[PDB]
Each structure stands twice: as structure tokens, then as C-alpha cells.
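Only one chain is included here, represented as C-alpha cells and corresponding to the form solved without coenzyme A.
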């Protein structure tokens, strides 16, 4: 009814049988070809993994168990008196395939509050990290050190049945998600508030609100933002580096602490976890140059000069998505309600009005619309979350929801060790010459 674990236990068999049947008829069906270029190009365009939780729709954007972002915005429970969807309900959705009721979200909020405690060795470790150790490094180190709490690792060493892997993975995943905001806020306070305390978990608050309290914020609108943010960054298919890394590491039966810590090292990569920061750096320098009251014409000129010097507008352009990323639109709506007169937001809006028509006219980038990263920085910054190094940590806490939801399923469905075949250049040359 409200126990997610029991609901999950009923869903799993039906899903194993469905996959069994599908593999009997279509197991040998060809879905793609592998070319030399694909091996050298980082498996680009190669369908290589099954990842259940989310799928990118070319017309609507990312879908969470079939539900578009606007549908999630509407149907997922909100906090009492709030308007943004709670991350709890997103997790329930990714895990079950079903929109949770109020009671179910409320139950999950209490679970994550109860399981929040950090062992003292992780507290000590975080408290002794120096201020030059990047926040993502601290996050991944702390999560790795949390694996001493892993009930999966202990049960595996005692010879537990394969049919039960998902249960321990579920437990550890729930513990980890509960603990993450505590780790993340400890890092924030140690780095940017001179080591002051995170205060206590409140057992009747939702996950985002306990998170904002521990960060030291007291602004209802910031909490609403954080709920929306944690919800919308939660998952984006299996192929991105953080999802794929958690999947790959998890396929060796490394526990969730270890899989999520590996994923964060992937997320810390500049080609994955920095786009928010890059947009914001660019916006800041833009506004310092041309001033807040820049005209449409002058901004349109600046954008033409940016393009004509062979540079891109950060946050604009997608290869498959045919409209504005609905994750951008969510943020835009939020900003129009709560900070419409913020000079930086007004620049972001002005660019939405101008950049796509300029990109359409240049005829170069296929879909000239913005993605989530074009909007997120100005919102964080407006509420005083100005430490750009830390933004990737927020992304990380959100992304836990999606990759741990799938990890439970990967173990429930018995996904094996991920082991593609490598070749050397020499080997591939021989291989193509025979034939």
C-alpha cells in the first residue's frame, strides 16, 4: 500500500516474464550495426544498454516512465502549500512506473528522514578535508567511505541468493539517497560557511527541505526551486557518463555506494558536469560588458559576432530534440512567477527571444532551442547559491534518484556483468582485411 518494497516485490516477476518472452521472440533480432567509426567515436549511435527509467522523446523531451516533464509537474505530489513536484514522488515513479499518491510520497519522505544518519568516520573525514579539495571529490570520497554501511556487500559475502540481490540494493539505495543531502550540506558548510554545523534532520519535512535547512537557507522559494531542480535533473537515459558509470560498476555487484561514487567521478568530468557553470560564466561576462538594459538589436549583434567568430551560444542547440527542453521551460515558468525583474533572468529571457531566430537564420545547428543548463545558474544565483564549483554536487544529488532507481531494476532483472569486446588499431586492421 505505502511500503514501496512490497509493491516492488509484486512488480518484479511480471516484468521478468515480459522480458523473458520478448527475448525468446526477438533476442536474435538486429537493432544496429557496429562500424569502425563507432569504436573510435565512443560508441556514438550504438544501441548498447537497456535502461528502463527514462527515455528521450524527440518531440517532448525526456520522459520518466512514459510521463513527460509537464505531466510530472501536474500529477506528482507537491509539498503542502507549494507548487513544485517533490523528488520523492519522482523516485517512486521511476521505481514503480506509477504516479504515487500523497500518502505514498509522505511515507517516502519519512523513510528518507529516518535513514539520514552519517557514521562518525564519514563526519570526521569531511571535517578534515582541506578547502582546496574540490566539492565533487569530497562527495565521491565520502560516498565511497559510506560503503562500510552497505548491507548488500555483507549479504553477498555470506552467499545470499541471486533472487534477493534487489532487496539489499533497494535498502542501500534508500540509505544512500537519505544520506546524500547530509554529505552534500556538510561539504557546503565546510567549504563556504567556515565549518559551521548542518543542524538536525526533521522527521516531518520532505527531503528537499531538510536539504535546504542543512545548507543554511530559510527561503520558501529556494526550497521550491530545489524541489523542482532535484526532480528535473534526476534521470536522462543510460548513455550519459554518470548513468553509464553507475550501471557498469553496478554490473560487477559493487554496492550502490561504490557505484554512485564512481558515477560522481564521471559527473565531475568537464564534458559532463560543468555546462550550468559555463552558461553562467558566459552570462555574467555578457552582462558586465553590455549592461542590464541592452537592446534587442545590440544583443542580436553580440550573438552574430559570437557565431561569426566560430563560437557557440552556451546552452543552445540539440541534435534530436525538436523543441525547447521542457526542463528549461519549467525553470522559465518558475522565474516568470517569482523573479521576473531579476536583471540576470531578464537577460536569459531576452536570449530566448533572440538566439533561436539567429541560429535558425545561420542555418547551422539543427535544433536551435535551449536546454536545462541555459537556465539553472541564474535561479541558483538569485537565491544566494553563488558557489559555482558546488553546482555539480546539486546535479549529483538529483542524479542519484535516477541511477539508483535503475540499479534496483538491473539487479531485479539479473542484468549481467557489462563486458564489451575491445580491439586495438592493429587488431581492427587485421579484422577488416579478412572479409
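Only the largest set of C-alpha atoms that superpose within 1.5 Å between the two forms is called the rigid core. Numbering follows the first chain given and starts at 1.
Although not depicted, the form deposited with coenzyme A bound is the subject of the following passage.
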Can you check whether the pocket is open or blocked when coenzyme A is overlaid onto this chain using its placement in the deposited complex? Blocked = 3+ ligand atoms within 2.4 Å of backbone or C-beta. blocked
Within a 4.5 Å heavy atom cut-off, is residue 364 in contact with coenzyme A in the deposited complex? yes
State yes or no: in the deposited complex, is some non-hydrogen atom of residue 312 no more than 4.5 angstroms from a non-hydrogen atom of coenzyme A? yes
Does at least one non-hydrogen atom of residue 261 fall within 4.5 angstroms of coenzyme A in the deposited complex? no
Answer for residue 307 alone: is it within 4.5 Å of coenzyme A in the deposited complex, judged on heavy atom distances? yes
Tell me, which of 168, 348, 359, 174 has a heavy atom within 4.5 angstroms of coenzyme A in the deposited complex? 359
Taking coenzyme A in the deposited complex as the reference, which of 318, 338, 300, 110 has a non-hydrogen atom within 4.5 Å? 318
Okay, which stretch from 196-204, 142-150, 318-326, 220-228 lines coenzyme A in the deposited complex, with non-hydrogen atoms inside 4.5 Å? 318-326
Looking at coenzyme A in the deposited complex, which residues in 273-294 have at least one heavy atom within 4.5 Å of it? 275
Core-aligned between the shown form and the other one, the sole member of 189, 318, 115, 272 showing a Cα shift of 2 Å or more is 318
When the two forms are laid on each other by their rigid core, does residue 308 show a Cα shift of 2 Å or more between the shown form and the other one? yes
Residue 80: after superposing the rigid core, is there a C-alpha shift of 2 Å or more between the shown form and the other one? no
Residue 364 C-alpha shift between the shown form and the other one of 2 Å or more, rigid core reference: yes
